[PDB]
């Protein structure tokens with residue numbers, strides 16, 4: 001499953017935001033990936049999120065795959081809105 | 001602990017090389033990471049590894065931390081060399 005979002009967070013996807021993301025994704029039996037410009041990283045590691053250097057205004061795709069993918073994806077979109085990261 | 005290497009694979013770190021690295025790193029409990037020109041990704045993440053686009057001649061550093069990080073490292077140097085990826 002996949003969803004595209006626009007980052008609206010002011011400092012882009014920095015330390016706190018990569019963490020709330022890893023945290024939520026970590027709760028699911030599903031492989032969770034983050035994509036920006038053709039580059040994809042596993043979402044369950046802050047290392048590789050920090051590395052993409054995603055700033056405000058960017059568009060990114062979140063994909064999930066596995067037993068719990070619908071729930072995994074719905075949760076991530078809830079954190080993106082609720083943590084004022086994107087929409 | 002860490003180890004730096006020089007990539008000598010003509011195609012850099014492409015799908016095959018990334019695959020051998022990841023399979024090797026995955027047998028260990030230590031957290032295992034790859035860094036290239038300031039960007040760091042989890043070595044147990046095929047996606048993140050490919051995202052880096054490491055070409056022939058670059059230098060990369062492999063880091064391993066935890067329980068069996070000396071064996072994780074020797075093991076990765078060995079793959080580095082027997083799989084013709086670098087030295």
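Along the chain as shown, the residues are counted starting at 1.
The way this entry was determined, per its header, is X-ray crystallography, 2.0 Å.
Any Cβ shown, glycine's included, is placed from N, Cα and C.
Among the features that Swiss-Prot reports, phosphoserine is placed at A:11. Sequence-distant contacts of residue A:11 (phosphoserine), defined as residues of its own chain at least six apart whose C-beta falls under 8 angstroms from its C-beta, comprise A:55, A:56.
Look at residue A:14 (active site, pros-phosphohistidine intermediate): DSSP puts it in coil. Among the features that Swiss-Prot reports, active site, pros-phosphohistidine intermediate is placed at A:14.
According to Swiss-Prot, the feature tele-phosphohistidine maps to A:14. In sequence order, A:50 are the residues of the chain that are 6 or more apart from residue A:14 (active site, pros-phosphohistidine intermediate) and have a CB within less than 8 Å of its CB.
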